[PDB]
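Below is one structure, written out as structure tokens; comments come after it.
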Protein chains: 2
Amino acid sequence: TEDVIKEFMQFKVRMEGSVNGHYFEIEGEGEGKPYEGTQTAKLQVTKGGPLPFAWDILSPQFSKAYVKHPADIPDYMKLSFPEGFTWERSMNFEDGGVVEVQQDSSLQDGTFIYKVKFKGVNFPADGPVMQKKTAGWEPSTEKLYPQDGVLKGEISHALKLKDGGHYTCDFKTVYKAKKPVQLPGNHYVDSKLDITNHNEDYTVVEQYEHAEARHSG
Amino acid sequence: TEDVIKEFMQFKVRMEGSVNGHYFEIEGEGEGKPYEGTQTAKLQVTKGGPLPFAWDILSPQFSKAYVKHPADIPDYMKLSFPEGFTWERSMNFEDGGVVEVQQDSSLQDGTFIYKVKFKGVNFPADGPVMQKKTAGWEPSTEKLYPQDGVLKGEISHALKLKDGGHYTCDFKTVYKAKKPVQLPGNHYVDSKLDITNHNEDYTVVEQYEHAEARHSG
């Protein structure tokens, strides 16, 4: 990968989507140290704004070539290049919210290109997401296992709620390489995603993640 | 220090302090994996509550024996035990709030004890601390270096504001071991302090830190 994924790598994204009908179009840029598990992202609502829901349901959809892997642990999403990989995710929240996401990752001109497609459905409108009472995602840990010749990962995740409580979402995600690649083992990735800046409308937002692969206790 | 510091270790803390003349007494507890850089803390306002200011100015005072070091970097804090270490900090906010902190660290019955004294003054009375408008410390990195047989450390920190605005602070900390210990080197350490849980009135709050040592770059 030394030759395809370099110590610093830049990326661009476009997301088409809808939460409960509301269509939005977002267009973003990022850049980061991939072998160190640290990335950044600048985003902008490019149609739909002000978005009538929480950025957080959208946050973990704006980069797993940038996960610090040990050398004992193999980096599926890095060795997936220059060809790429795709993930389709299901997020089940407690109030009944359901986000289903599909994404295509590409490498062209030394820049990662990411095309994301998002659909939110049946979100309680007396709930945090639509009432915008969420305050960042709590730190997280995901268990990554292989199955059916692809890599699968689950999270039992909670969103920080403004008052002081949580909001439980369950992530299942499948990753598949556009080419044939050796699958990692039963491993776990540890990560935190932060909104570091924004405007009052969340029509422009700044983000940062740190992710490291590991084993179990 | 593998006879004094264990893979999993627990701590207790008492903070007495003053903000703009107000007096508060906190008492708390934590645990964590000191060789993984991770740790959790549940505190409580035991006198002075509801606190008339932002918890964030208090977050970084309630953990450097909880920082993952490389082998090439020497852990001054882990080696300052069981006799322990002392530290004292200065925080200068843009608006002109000054916080000077002092703390004593000791290990008794293999439980860390912390005793914090904190004195906040000249906090502007229409500012993002006295109007509780802050929403998290931004991720940071500390320029740790030696001077006068002690360890000093600088941070150009920022606080997140509930409108997308950051709020600048300026950390200077001095670390002193109650014993003779080899001083480390010109190094940098990264961290992210998350308020994971909390009650409405911030009379009960839960915290999380991740902290890993490194060299420049």
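Order determines the names: the first chain of the structure tokens is A, the second B, and so forth; residues in each chain are numbered 1 upward, and ligands are numbered 1 upward as they are shown.
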Check which residues of chain B sit at most 10 Å from chain A using only C-alpha atoms, and return one row each with the closest pair of atoms and their distance in Å to one decimal, ordered by chain and rising number, as JSON lines.
{"residue": "B:135", "atom": "CA", "partner": "A:135", "partner_atom": "CA", "distance": 8.0}
{"residue": "B:136", "atom": "CA", "partner": "A:196", "partner_atom": "CA", "distance": 9.2}
{"residue": "B:137", "atom": "CA", "partner": "A:196", "partner_atom": "CA", "distance": 9.2}
{"residue": "B:138", "atom": "CA", "partner": "A:196", "partner_atom": "CA", "distance": 6.4}
{"residue": "B:139", "atom": "CA", "partner": "A:196", "partner_atom": "CA", "distance": 8.1}
{"residue": "B:158", "atom": "CA", "partner": "A:196", "partner_atom": "CA", "distance": 9.6}
{"residue": "B:159", "atom": "CA", "partner": "A:196", "partner_atom": "CA", "distance": 9.2}
{"residue": "B:160", "atom": "CA", "partner": "A:196", "partner_atom": "CA", "distance": 6.9}
{"residue": "B:161", "atom": "CA", "partner": "A:197", "partner_atom": "CA", "distance": 8.6}
{"residue": "B:162", "atom": "CA", "partner": "A:200", "partner_atom": "CA", "distance": 8.3}
{"residue": "B:163", "atom": "CA", "partner": "A:200", "partner_atom": "CA", "distance": 5.1}
{"residue": "B:164", "atom": "CA", "partner": "A:198", "partner_atom": "CA", "distance": 4.2}
{"residue": "B:165", "atom": "CA", "partner": "A:197", "partner_atom": "CA", "distance": 6.6}
{"residue": "B:166", "atom": "CA", "partner": "A:197", "partner_atom": "CA", "distance": 7.2}
{"residue": "B:192", "atom": "CA", "partner": "A:192", "partner_atom": "CA", "distance": 8.7}
{"residue": "B:194", "atom": "CA", "partner": "A:138", "partner_atom": "CA", "distance": 7.7}
{"residue": "B:195", "atom": "CA", "partner": "A:138", "partner_atom": "CA", "distance": 8.3}
{"residue": "B:196", "atom": "CA", "partner": "A:138", "partner_atom": "CA", "distance": 5.7}
{"residue": "B:197", "atom": "CA", "partner": "A:164", "partner_atom": "CA", "distance": 5.8}
{"residue": "B:198", "atom": "CA", "partner": "A:164", "partner_atom": "CA", "distance": 4.5}
{"residue": "B:199", "atom": "CA", "partner": "A:164", "partner_atom": "CA", "distance": 4.9}
{"residue": "B:200", "atom": "CA", "partner": "A:163", "partner_atom": "CA", "distance": 5.3}
{"residue": "B:201", "atom": "CA", "partner": "A:163", "partner_atom": "CA", "distance": 8.8}
{"residue": "B:202", "atom": "CA", "partner": "A:164", "partner_atom": "CA", "distance": 8.4}
{"residue": "B:204", "atom": "CA", "partner": "A:164", "partner_atom": "CA", "distance": 9.4}
{"residue": "B:205", "atom": "CA", "partner": "A:164", "partner_atom": "CA", "distance": 8.3}
{"residue": "B:206", "atom": "CA", "partner": "A:164", "partner_atom": "CA", "distance": 9.7}
{"residue": "B:208", "atom": "CA", "partner": "A:139", "partner_atom": "CA", "distance": 8.4}
{"residue": "B:209", "atom": "CA", "partner": "A:139", "partner_atom": "CA", "distance": 9.7}
{"residue": "B:210", "atom": "CA", "partner": "A:192", "partner_atom": "CA", "distance": 9.7}
Can you write just those residues out, N, CA, C and O atoms, as a compact mmCIF listing (two decimals), in the first residue's frame?
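Generated output (again17.txt):
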# COMPACT_ATOMS: atom_id res chain seq x y z
N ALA B 135 -19.40 23.46 24.94
CA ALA B 135 -19.93 22.15 24.47
C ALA B 135 -18.80 21.16 24.21
O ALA B 135 -18.93 20.36 23.31
N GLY B 136 -17.71 21.22 24.97
CA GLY B 136 -16.60 20.27 24.80
C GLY B 136 -15.27 20.96 24.53
O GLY B 136 -15.21 21.95 23.75
N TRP B 137 -14.22 20.45 25.18
CA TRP B 137 -12.81 20.70 24.78
C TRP B 137 -12.61 20.15 23.36
O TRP B 137 -13.17 19.05 23.04
N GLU B 138 -11.89 20.89 22.50
CA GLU B 138 -11.47 20.40 21.16
C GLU B 138 -10.33 19.39 21.34
O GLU B 138 -9.66 19.33 22.36
N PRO B 139 -10.10 18.47 20.39
CA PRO B 139 -8.95 17.56 20.52
C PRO B 139 -7.71 18.43 20.73
O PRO B 139 -7.73 19.50 20.22
N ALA B 158 -8.50 25.04 22.52
CA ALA B 158 -9.75 25.74 22.14
C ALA B 158 -10.92 24.98 22.80
O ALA B 158 -10.82 23.73 22.98
N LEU B 159 -11.98 25.69 23.17
CA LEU B 159 -13.27 25.13 23.63
C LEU B 159 -14.32 25.29 22.52
O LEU B 159 -14.36 26.33 21.87
N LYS B 160 -15.15 24.27 22.35
CA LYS B 160 -16.24 24.30 21.35
C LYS B 160 -17.36 25.11 21.98
O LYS B 160 -17.50 25.00 23.22
N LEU B 161 -18.08 25.89 21.16
CA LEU B 161 -19.22 26.71 21.63
C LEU B 161 -20.49 26.29 20.90
O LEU B 161 -20.39 25.93 19.73
N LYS B 162 -21.65 26.41 21.55
CA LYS B 162 -22.94 25.91 21.00
C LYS B 162 -23.44 26.83 19.87
O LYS B 162 -24.64 27.18 19.88
N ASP B 163 -22.58 27.17 18.91
CA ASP B 163 -22.93 28.02 17.74
C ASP B 163 -21.91 27.77 16.63
O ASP B 163 -22.05 28.39 15.54
N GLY B 164 -20.90 26.93 16.94
CA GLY B 164 -19.78 26.56 16.06
C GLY B 164 -18.52 27.34 16.36
O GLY B 164 -17.54 27.07 15.68
N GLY B 165 -18.58 28.31 17.28
CA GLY B 165 -17.42 29.14 17.66
C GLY B 165 -16.48 28.40 18.61
O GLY B 165 -16.97 27.76 19.53
N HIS B 166 -15.16 28.46 18.39
CA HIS B 166 -14.18 27.90 19.35
C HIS B 166 -13.87 28.98 20.38
O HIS B 166 -14.30 30.12 20.16
N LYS B 192 -8.12 13.48 23.74
CA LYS B 192 -9.52 13.98 23.58
C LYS B 192 -10.33 13.65 24.83
O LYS B 192 -10.57 12.48 25.08
N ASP B 194 -13.81 13.68 26.52
CA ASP B 194 -15.25 13.62 26.18
C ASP B 194 -16.07 13.61 27.47
O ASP B 194 -15.72 12.82 28.36
N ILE B 195 -17.12 14.42 27.54
CA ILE B 195 -18.19 14.25 28.56
C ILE B 195 -19.18 13.27 27.96
O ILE B 195 -19.86 13.64 27.03
N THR B 196 -19.12 12.03 28.41
CA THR B 196 -19.89 10.89 27.83
C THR B 196 -21.32 10.95 28.34
O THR B 196 -22.25 11.08 27.50
N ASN B 197 -21.47 10.91 29.66
CA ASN B 197 -22.77 11.11 30.34
C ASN B 197 -22.70 12.40 31.18
O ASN B 197 -21.62 12.99 31.24
N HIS B 198 -23.84 12.85 31.70
CA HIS B 198 -23.99 14.00 32.64
C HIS B 198 -25.47 14.14 33.00
O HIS B 198 -26.31 13.64 32.26
N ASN B 199 -25.78 14.71 34.15
CA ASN B 199 -27.18 15.02 34.55
C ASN B 199 -27.58 16.36 33.92
O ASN B 199 -26.80 16.89 33.11
N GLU B 200 -28.74 16.91 34.24
CA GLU B 200 -29.19 18.21 33.67
C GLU B 200 -28.31 19.35 34.19
O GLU B 200 -27.77 20.11 33.36
N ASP B 201 -28.14 19.41 35.51
CA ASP B 201 -27.60 20.58 36.25
C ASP B 201 -26.07 20.49 36.34
O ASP B 201 -25.47 21.41 36.97
N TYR B 202 -25.48 19.45 35.76
CA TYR B 202 -24.02 19.22 35.82
C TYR B 202 -23.59 19.13 37.30
O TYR B 202 -22.53 19.68 37.69
N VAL B 204 -23.78 15.93 38.40
CA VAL B 204 -23.22 14.58 38.18
C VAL B 204 -22.82 14.53 36.72
O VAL B 204 -23.59 14.96 35.90
N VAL B 205 -21.60 14.09 36.44
CA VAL B 205 -21.02 14.05 35.08
C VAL B 205 -20.10 12.85 35.02
O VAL B 205 -19.47 12.56 36.04
N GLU B 206 -20.02 12.23 33.86
CA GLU B 206 -19.08 11.13 33.57
C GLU B 206 -18.15 11.59 32.46
O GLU B 206 -18.64 12.29 31.55
N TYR B 208 -14.33 10.85 29.88
CA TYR B 208 -13.48 9.85 29.17
C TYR B 208 -12.25 10.54 28.56
O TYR B 208 -12.43 11.61 27.99
N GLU B 209 -11.07 9.92 28.67
CA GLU B 209 -9.84 10.45 28.02
C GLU B 209 -9.14 9.33 27.25
O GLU B 209 -9.21 8.14 27.69
N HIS B 210 -8.55 9.70 26.11
CA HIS B 210 -7.61 8.84 25.36
C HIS B 210 -6.33 9.65 25.15
O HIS B 210 -6.48 10.77 24.66
Inset, instruction - Quick one: pick out all alpha helix (DSSP H) residues within chain B from a backbone DSSP run and write them as a ChimeraX atom specification. - result: /B:76-79
With C-alpha atoms retained, export the selected residues as a compact mmCIF listing (two decimals), in the first residue's frame.
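Heads up, here's the output in out_12.txt:
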# COMPACT_ATOMS: atom_id res chain seq x y z
CA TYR B 76 8.16 10.15 33.91
CA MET B 77 4.67 9.78 35.65
CA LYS B 78 4.64 5.95 35.90
CA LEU B 79 8.29 6.15 37.23
Inset, instruction - Report the distance between atom CA of residue 118 of chain A and atom CA of residue 102 of chain A in Å, rounded to one decimal place. - result: 6.7 Å
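Distance annotation: of A:129, A:217, A:149, A:117, the residue with the minimal separation from residue 7 of chain B is A:217; atom set is only C-alpha atoms.
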Residue neighbourhood residue 216 of chain B, 10 Å, only C-alpha atoms, exclusion window fewer than 6 positions, as a short mmCIF file (atom, residue, chain, number, x, y, z; two decimals) with N, CA, C and O atoms, in the first residue's frame:
data_model
loop_
_atom_site.label_atom_id
_atom_site.label_comp_id
_atom_site.auth_asym_id
_atom_site.auth_seq_id
_atom_site.Cartn_x
_atom_site.Cartn_y
_atom_site.Cartn_z
N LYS B 143 3.03 20.11 23.87
CA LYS B 143 4.49 20.23 23.66
C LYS B 143 5.09 19.99 25.03
O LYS B 143 5.16 20.95 25.82
N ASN B 186 11.96 16.11 24.53
CA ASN B 186 11.07 16.95 23.68
C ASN B 186 10.11 16.00 22.99
O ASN B 186 10.51 15.38 22.03
N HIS B 187 8.92 15.85 23.54
CA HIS B 187 7.88 14.98 22.94
C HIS B 187 6.54 15.72 22.86
O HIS B 187 6.42 16.87 23.35
N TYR B 188 5.58 15.09 22.18
CA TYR B 188 4.21 15.59 21.97
C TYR B 188 3.23 14.49 22.32
O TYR B 188 3.45 13.34 22.02
N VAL B 189 2.15 14.84 22.97
CA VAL B 189 1.15 13.82 23.36
C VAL B 189 -0.18 14.39 22.91
O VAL B 189 -0.34 15.60 23.00
#
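Between atom CA of residue 43 of chain A and atom CA of residue 101 of chain A the separation is 17.7 Å.
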Legend entry - Minimum-distance residue to residue 17 of chain B, chosen among B:108, B:86, B:103, B:63 (using only C-alpha atoms):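 Looking only at the distances to residue 17 of chain B, the closest residue turns out to be B:103.
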Inset, instruction - Run DSSP on the backbone and give me the residues of segment 144-206 of chain B it puts in strand (DSSP E or B), as a ChimeraX atom specification. - result: /B:144-146,151-161,166-177,187-198,204-206
Legend entry - Two-atom distance - atom CA of residue 45 of chain B, atom CA of residue 27 of chain B (Å):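 Computing it gives 7.0 Å between the two atoms.
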Inset, instruction - Would you please work out which residue, of A:107, A:121, A:116, A:65, is nearest to residue 21 of chain A when using only C-alpha atoms? - result: A:121
Inset, instruction - For segment 88-98 of chain B, please output as a VMD selection string all residues within 8 Å (counting only C-alpha atoms; exclusion window: fewer than 6 positions along the same chain). - result: chain B and resid 120 to 124 127 167 to 175
Only N, CA and C atoms, please: the residues just picked out, written as a CSV table (one decimal), in the first residue's frame.
chain,number,residue,atom,x,y,z
B,120,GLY,N,-10.4,30.0,39.7
B,120,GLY,CA,-10.8,30.7,38.5
B,120,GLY,C,-11.2,32.1,38.9
B,121,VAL,N,-10.7,33.1,38.1
B,121,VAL,CA,-10.9,34.6,38.3
B,121,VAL,C,-11.0,35.3,37.0
B,122,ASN,N,-11.5,36.6,37.0
B,122,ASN,CA,-11.6,37.6,35.9
B,122,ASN,C,-12.3,36.9,34.7
B,123,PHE,N,-13.2,35.9,35.0
B,123,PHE,CA,-14.1,35.4,34.0
B,123,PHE,C,-15.1,36.5,33.6
B,124,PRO,N,-15.1,37.1,32.4
B,124,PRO,CA,-16.1,38.0,32.0
B,124,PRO,C,-17.5,37.4,32.2
B,127,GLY,N,-19.8,35.8,29.2
B,127,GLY,CA,-18.9,35.0,28.4
B,127,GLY,C,-19.3,33.6,28.3
B,167,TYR,N,-13.3,28.6,21.5
B,167,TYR,CA,-12.9,29.6,22.6
B,167,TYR,C,-11.5,29.1,23.0
B,168,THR,N,-10.5,30.0,22.8
B,168,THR,CA,-9.1,29.7,23.0
B,168,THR,C,-8.7,29.8,24.5
B,169,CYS,N,-8.0,28.8,24.9
B,169,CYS,CA,-7.3,28.7,26.2
B,169,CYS,C,-5.8,28.4,25.9
B,170,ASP,N,-4.9,28.7,27.0
B,170,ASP,CA,-3.5,28.6,26.9
B,170,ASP,C,-3.0,27.9,28.1
B,171,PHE,N,-2.8,26.6,28.0
B,171,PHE,CA,-2.3,25.7,29.0
B,171,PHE,C,-0.8,25.7,29.2
B,172,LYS,N,-0.3,26.0,30.4
B,172,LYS,CA,1.1,25.8,30.8
B,172,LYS,C,1.0,25.0,32.1
B,173,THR,N,1.7,23.8,32.1
B,173,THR,CA,1.6,22.9,33.3
B,173,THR,C,3.1,22.5,33.7
B,174,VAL,N,3.4,22.5,35.0
B,174,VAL,CA,4.7,22.0,35.5
B,174,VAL,C,4.5,20.7,36.4
B,175,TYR,N,5.3,19.7,36.0
B,175,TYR,CA,5.2,18.4,36.6
B,175,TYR,C,6.5,18.2,37.4
Legend entry - Long-range neighbours of residue 52 of chain A as an MDAnalysis selection string, 12 Å cut-off, only C-alpha atoms, 3 positions minimum in chain: chainID A and resid 18:24 45 48:49 55 57 123 125 128:133 201:203
Legend entry - Distance criterion (only C-alpha atoms): nearest to residue 67 of chain A out of A:157, A:12, A:47, A:214: A:214
Inset, instruction - Counting only C-alpha atoms, figure out which residue out of B:99, B:15, B:151, B:211 gets nearest to residue 190 of chain B. - result: B:211
